[PDB]
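Next up, structure tokens for two forms of one chain, structure 1 and then structure 2.
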Structure 1
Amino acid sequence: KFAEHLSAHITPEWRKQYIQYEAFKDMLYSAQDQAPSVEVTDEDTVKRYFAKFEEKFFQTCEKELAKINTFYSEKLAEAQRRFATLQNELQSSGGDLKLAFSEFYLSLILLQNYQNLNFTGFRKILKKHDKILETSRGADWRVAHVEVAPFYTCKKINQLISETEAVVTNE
């Protein structure tokens, strides 16, 4: 179950910045929980019900995506400045930095796991949505919004990871 996996692999200091996967699941339960029956109501009532829900669901996806994009960017900026600082310390003095560079590297990897966990959570939640509502709107949303999101498409952390490896190896 991805809700458990996500819980176990969140970086605790970043907890509130991850996709709120369990809240989405609950919302997708509520969509079925409040759904009128076409036999008791009619066709227009039911599909108008689902239309309101879809507006709410994808507005919530957008807020979660903006939060994740914003946090990813902030940690990426912080990592760029942290690399420059460690660059001068080595560019002048030439075992403390072997530890300090190792901990910066760990920080890059933790951010990389943050990218992957959030993408998987989005991918799984939108597939769950599509199977429940018998629609492809969630998959279409993933392609048009998540897969072109900076938190996911930006390659500057990969660049940092490579450059830090080149510093640790050649210095």
Structure 2
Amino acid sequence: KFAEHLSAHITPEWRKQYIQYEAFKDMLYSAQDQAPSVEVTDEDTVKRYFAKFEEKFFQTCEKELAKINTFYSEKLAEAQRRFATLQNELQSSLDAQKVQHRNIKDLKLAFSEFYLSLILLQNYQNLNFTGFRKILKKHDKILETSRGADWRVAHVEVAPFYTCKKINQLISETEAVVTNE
């Protein structure tokens, strides 16, 4: 069902920029399918096979996360620029008044297109975060490990596509923890 949900909620223009969730599901199937059974091979070849798969899997995770961070950051910087342009265009139109009804009409359109771009970007953030959490839980369930959950905490939960931390905030927060403990 999540593969369906993700597919239905994707912004078509951004399709290639989302977590390749079905490809990860397929990857995990092939890992189970191609798995050498111990009794048909020794304990060391099984460990080496899964070790090899783990490297491929987490390199794909890193590649997917890099893609998501890049796209999100580019879109977020573009959003902050557009918001500044729009606020300046608005103030200049407002000051001008004290016929430009068609001027404001173009701005109403501009703010509408902009707000939508923000909602679409928030959806992309939420869908991608859910996609990572779920695929890593799937990985962990199948491979009977905690490496996926470790990777979620280490790289996804602190990713720029997901969360925002001003260096000043992180400094005041560390000050607080240190002075109080």
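Residues are numbered by position in structure 1's sequence, first residue being 1. Residues that one form lacks are left out of the comparison. Each form is matched to the other, and the largest set of C-alpha atoms that superpose within 1.5 Å is called the rigid core.
- Message: Please determine whether the C-alpha atom of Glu22 is displaced by 2 Å or more between structure 1 and structure 2 following superposition on the rigid core.
- Response: Not so; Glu22 is displaced by less than 2 Å.
- Message: If I superpose the two forms on their rigid core, does the C-alpha of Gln159 end up displaced by 2 Å or more between structure 1 and structure 2?
- Response: True for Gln159: a C-alpha shift of 2 Å or more.
- Task: Mind pulling the C-alpha shift for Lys56 between structure 1 and structure 2, with the rigid core superposed, in Å?
- Result: So the C-alpha of this residue moves 0.5 Å.
- Task: Could you check how much the CA of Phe101 shifts between structure 1 and structure 2 after a rigid core fit, in angstrom?
- Result: Its C-alpha moves by 1.2 Å once the cores are overlaid.
- What runs of three or more residues stand out between structure 1 and structure 2, with each Cα shifted 2 Å or more once the rigid core is matched? Segments displaced between structure 1 and structure 2 after core fit: 96-100, 155-171.
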